[PDB]
Amino acid sequence: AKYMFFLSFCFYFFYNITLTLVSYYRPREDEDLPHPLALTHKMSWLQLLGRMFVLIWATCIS
Amino acid sequence: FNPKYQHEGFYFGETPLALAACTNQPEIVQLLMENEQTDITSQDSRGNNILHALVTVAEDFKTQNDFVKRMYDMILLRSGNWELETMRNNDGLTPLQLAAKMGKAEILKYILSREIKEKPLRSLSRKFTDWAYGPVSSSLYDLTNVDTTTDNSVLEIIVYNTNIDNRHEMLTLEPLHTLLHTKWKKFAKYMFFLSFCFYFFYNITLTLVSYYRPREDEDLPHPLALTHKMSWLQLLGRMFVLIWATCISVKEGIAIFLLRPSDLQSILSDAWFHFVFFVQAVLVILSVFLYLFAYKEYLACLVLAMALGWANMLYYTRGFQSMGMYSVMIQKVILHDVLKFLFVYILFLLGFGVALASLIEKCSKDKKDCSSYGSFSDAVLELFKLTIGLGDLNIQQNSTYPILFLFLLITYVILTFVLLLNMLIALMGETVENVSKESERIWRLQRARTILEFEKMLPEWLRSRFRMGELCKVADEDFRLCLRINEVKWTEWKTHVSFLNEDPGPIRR
Amino acid sequence: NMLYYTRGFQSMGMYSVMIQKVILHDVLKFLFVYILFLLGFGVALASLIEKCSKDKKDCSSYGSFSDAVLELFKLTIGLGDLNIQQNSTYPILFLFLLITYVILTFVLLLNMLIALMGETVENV
Amino acid sequence: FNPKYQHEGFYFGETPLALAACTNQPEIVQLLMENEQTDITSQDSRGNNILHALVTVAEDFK
Ligand code: NA
Ligand code: NA
Numbered sequence: 437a438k439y440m441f442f443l444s445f446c447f448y449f450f451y452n453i454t455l456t457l458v459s460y461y462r463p464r465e466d467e468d469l470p471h472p473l474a475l476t477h478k479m480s481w482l483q484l485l486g487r488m489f490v491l492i493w494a495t496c497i498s
Numbered sequence: 250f251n252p253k254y255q256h257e258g259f260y261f262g263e264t265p266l267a268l269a270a271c272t273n274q275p276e277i278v279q280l281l282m283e284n285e286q287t288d289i290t291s292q293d294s295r296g297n298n299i300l301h302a303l304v305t306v307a308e309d310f311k312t313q314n315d316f317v318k319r320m321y322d323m324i325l326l327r328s329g330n331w332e333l334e335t336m337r338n339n340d341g342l343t344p345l346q347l348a349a350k351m352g353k354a355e356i357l358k359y360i361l362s363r364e365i366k367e368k369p370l371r372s373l374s375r376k377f378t379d380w381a382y383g384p385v386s387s388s389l390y391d392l393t394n395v396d397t398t399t400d401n402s403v404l405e406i407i408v409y410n411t412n413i414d415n416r417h418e419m420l421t422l423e424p425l426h427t428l429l430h431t432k433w434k435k436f437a438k439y440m441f442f443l444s445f446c447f448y449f450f451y452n453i454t455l456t457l458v459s460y461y462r463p464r465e466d467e468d469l470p471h472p473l474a475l476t477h478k479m480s481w482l483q484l485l486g487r488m489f490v491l492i493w494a495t496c497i498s499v500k501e502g503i504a505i506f507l508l509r510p511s512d513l514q515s516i517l518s519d520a521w522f523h524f525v526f527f528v529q530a531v532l533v534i535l536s537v538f539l540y541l542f543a544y545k546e547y548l549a550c551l552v553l554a555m556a557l558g559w560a561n562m563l564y565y566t567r568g569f570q571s572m573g574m575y576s577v578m579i580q581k582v583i584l585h586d587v588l589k590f591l592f593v594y595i596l597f598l599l600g601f602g603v604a605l606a607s608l609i610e611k612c613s614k615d616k617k618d619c620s621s622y623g624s625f626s627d628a629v630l631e632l633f634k635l636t637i638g639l640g641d642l643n644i645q646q647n648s649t650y651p652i653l654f655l656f657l658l659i660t661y662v663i664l665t666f667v668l669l670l671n672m673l674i675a676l677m678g679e680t681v682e683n684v685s686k687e688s689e690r691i692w693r694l695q696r697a698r699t700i701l702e703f704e705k706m707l708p709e710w711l712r713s714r715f716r717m718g719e720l721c722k723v724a725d726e727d728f729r730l731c732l733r734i735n736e737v738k739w740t741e742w743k744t745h746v747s748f749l750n751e752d753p754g755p756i757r758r
Numbered sequence: 561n562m563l564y565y566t567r568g569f570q571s572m573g574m575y576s577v578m579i580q581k582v583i584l585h586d587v588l589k590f591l592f593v594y595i596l597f598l599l600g601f602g603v604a605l606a607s608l609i610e611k612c613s614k615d616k617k618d619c620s621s622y623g624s625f626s627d628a629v630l631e632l633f634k635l636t637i638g639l640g641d642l643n644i645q646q647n648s649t650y651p652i653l654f655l656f657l658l659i660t661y662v663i664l665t666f667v668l669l670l671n672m673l674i675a676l677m678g679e680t681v682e683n684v
Numbered sequence: 250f251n252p253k254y255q256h257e258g259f260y261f262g263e264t265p266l267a268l269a270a271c272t273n274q275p276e277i278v279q280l281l282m283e284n285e286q287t288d289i290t291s292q293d294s295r296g297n298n299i300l301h302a303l304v305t306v307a308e309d310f311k
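Residue numbers (the deposited numbering), protein chains in the order written: chain A, 437 to 498; chain B, 250 to 758; chain C, 561 to 684; chain D, 250 to 311.
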């Protein structure tokens, strides 16, 4: 339970960072379109790794 | 005899004579001492006699009936000579050493006195009464393996040893206390002041050569200046500073080559000074490589050693009576009490900081937001200027609620101005009054860290004597084992039998 | 020295001795530490920014090493002006290096004196 | 009677009547008070009687 507690902190402190980081990928660039969802149009990776992480780790924690 | 005594752990010394005394069985010990076949001298797999393993279990005074002191007294006063007591086992040390190295507090009080009132075996005592002349007795401890005159004595092993939580009570004992008081008195007070005199004058000359208006150009002047200019005192600094950076690096560079407990349990006694003295000396002599091809960090790296040359200047406070007591009431605090602050204050710094930044960050926030620098990290830097009394207040809005946001700033104010600042105050209401009436003992250790260091620094013939040589204890032939003198006090009078001289105070004639 | 005639009122002079035992050897444990960090961190923060036209036309205006020392004590008390610039070193990193001086003598050396009075004055 | 009592220091008042009482020996004091030859008035090198030097050593209650 020392180990199972550390991973619960590891999965959660890494959760709060990815919440903060998707609000600061300079994510305005427009009037106000960008939700950090971004499953729709753009080119590259790592814009999709957050929402499969954050929405699920908000789902299971609820 | 397995360590981690949860794994059973009963090193009593593996002989039937030993656990007779180790199990507090007094009548069976006298039963064993009557047989001619009984040996005491015989050693162990570790090489131990009955005296070694009897030292290894006392642990306390509370969880002990004070019998281990008695069984030590029973085993020598029934039989034994100094060959039974000066035996070294597999590790090379006296059983007197082992009471210090294992850290037994209570038994080492008894080894140093061990007064013998009876007549036939008064030779093996470690304490004598010279003269009485009323209630003013004069103490005399034996001091044959105790002071640093031989290799690996008890005083060297009581200071340079970790893994003992009971060191600061140990040096209160009488052959250690007044002797270490004496050795600081006659020269180590003077040798400490000159180490501060040579070092506080060092930090000034570091600072002064940076402010002989030494720019006058684009940026040429290193304070080396051994090349062209006219007059004196531009050269007296570099022959001083570079040498007193050289010798202070070699001295600490070998003094770091002794310590295996580098940082585990080495909170403040050895880590934070012999490291920092070495790092400050490295960064000063690093400027020689910076003057080689004029690397652009020639000054910014140099000025870091300046303040950290004044930061480790705090070490020489240890040696003034209560000034070092203040120096240990901070040094026990500055590691693990701002740690309880900084691992909480940052957790609210970036905590509330993300909410206050994104609420106002949409548009031309403040002072023409087209070229002026400002971001998330700007509101973080404005947040700490809110804590300290800088407190500027130029603040605007785009599409959210302005004075409601200014009220949401107050949510951060109510923590860490009345709450997290002051739980640290409430933490010091209990911790420092535990350090007070106990800092007197643990700072005395930090004095002892220096005194034996000056002993190792001076390999002369030691004209400074610090003992009384060849004074007789008692024999008809043995007039040896150089000695010590202290004084004692009042009541429980008795008819003082064993004296040594015709009641003098000073020397006769 | 008008404070001397406080001795003679019942507990007012009791306050007058709980300061007079303190004002000699308890600011001494402060001032022989606070100055040792005042000039201590003060030499690092001055030379890092002192190369060029630092602030407000550096051709005739008075300002030197001792200016950054006087700005340092105005940082302790709530005066706290913040006009600050750079030439060739790291600006906001230097402003973060100012905070290194802040964490002492606002939460630490101010409050060890409080922890000193938690034991000394209840002895007085 | 040297100051700095580490240097032995036993100013009991240098008379045989004095250290009878200074050494907490009560029966020997009454033994000395019976003799007609016993003087109490006689002073010292410092000029002290039995009462002076008896004051000089109490130091405490503990
Ligand atoms: Na305050
Ligand atoms: Na308090």
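All C-beta atoms, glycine included, are put in the ideal place defined by N, C-alpha and C.
Query, Result
"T456/A touches chain B at which residues, Cβ-Cβ below 7 angstroms?", "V603"
"Rounded to the nearest angstrom, what separates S648/B and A606/B at their Cα positions?", "13 angstroms"
"Could you give the residue range of the alpha helix (DSSP H) that holds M578/C?", "572 to 580"
"Any heavy atom of ligand 2 within a distance shorter than 6 angstroms of the CB on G486/B?", "no"
"Closer than 6 angstroms: is that where the CB of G602/C sits relative to any heavy atom of ligand 2?", "no"
"If you check the beta carbons only, do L668/B and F597/B fall under 7 angstroms apart?", "no"
"Can you check the region 645 to 733 of chain B for any beta strand (DSSP E) of at least 3 residues that lies completely inside it and give the ranges in chain order?", "none"
"Please compile the residues from chain A whose C-beta is within a distance smaller than 8 angstroms of the C-beta of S607/B.", "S459"
"If you reduce the DSSP assignment to three classes, tell me which class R567/B lands in.", "strand"
"How many angstroms separate the CA atom of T411/B from the CA atom of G502/B?", "21 angstroms"
"Out of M578/B, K611/B, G600/B, which one is the CA nearest neighbour of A675/C?", "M578/B"
"Do three or more CB pairs link the region 413 to 423 of chain B to the region 275 to 283 of chain D at distances below 8 angstroms?", "no"
"What does a CB cutoff of less than 6 angstroms around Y547/B pick up in its chain, not counting 5 residues either side in sequence?", "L539"
"Counting only beta-carbon separations shorter than 7 angstroms, does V746/B have a partner in chain D?", "no"
"Within 7 angstroms (strictly less), CB to CB, does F633/B reach chain A?", "no"
"Please confirm whether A554/B and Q529/B have their CB atoms less than 7 angstroms apart.", "yes"
"For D641/B, which residues in the same chain have their Cβ closer than 7 angstroms to its Cβ, ignoring the five residues on either side in sequence?", "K634"
"On the DSSP letters alone, give me the boundaries of the alpha helix (DSSP H) that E418/B sits inside.", "416 to 419"
"Mind listing which residues have their beta carbon within less than 7 angstroms of any non-hydrogen atom of ligand 2? Chain order is fine.", "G678/B, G678/C"
"How far does the alpha helix (DSSP H) with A302/D in it reach, from first residue to last?", "299 to 304"
"Going by DSSP, name the residue or residues bridged to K253/D.", "According to DSSP, which records beta bridges pairwise, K253/D is partnered with nothing at all."
"Going straight from the alpha carbon of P470/B to that of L694/B, what length do you get?", "45 angstroms"
"Would you tell me roughly how many angstroms separate the C-alpha atoms of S291/D and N297/D, rounded to the nearest one?", "8 angstroms"
"Where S626/C and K614/C are concerned, what is the direct C-alpha to C-alpha distance, given to the nearest angstrom?", "14 angstroms"
"Below 7 angstroms between beta carbons: does that hold for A270/D and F261/D?", "no"
"Please state the DSSP three-state secondary structure of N452/A.", "helix"
"Can you pull the chain B residues whose beta carbon is under 8 angstroms from the beta carbon of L280/D, in chain order?", "Those do not exist, as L280/D stays about 18 angstroms from chain B at its closest Cβ, beyond 8 angstroms."
"If I follow the unbroken alpha helix (DSSP H) through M479/A, where does it start and stop?", "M479/A -> no alpha helix (DSSP H), and no H or E assigned at all."
"Since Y544/B sits in a beta bridge, which residues does DSSP pair it with?", "Looking at the DSSP assignment, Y544/B forms no beta bridge with any residue, so it has no partner."
"Give a yes or no on whether 7 angstroms exceeds the smallest Cβ distance from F592/B to chain A.", "no"
"Please list, in chain order, the residues of the region 653 to 673 of chain C that have any C-beta partner in chain B closer than 8 angstroms.", "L655, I659, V662, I663, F666, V667, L668, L669, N671, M672"
"Name, please, each residue of chain D whose Cβ falls closer than 8 angstroms to the Cβ of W742/B.", "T272, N273"
"My understanding is that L345/B touches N394/B, with C-beta atoms under 8 angstroms, so please give their C-beta distance in whole angstroms.", "6 angstroms"
"Per DSSP, which one or two residues make a beta bridge with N735/B?", "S388/B"
"From this set, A349/B, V531/B, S372/B, which residue's C-alpha is nearest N330/B's C-alpha?", "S372/B"
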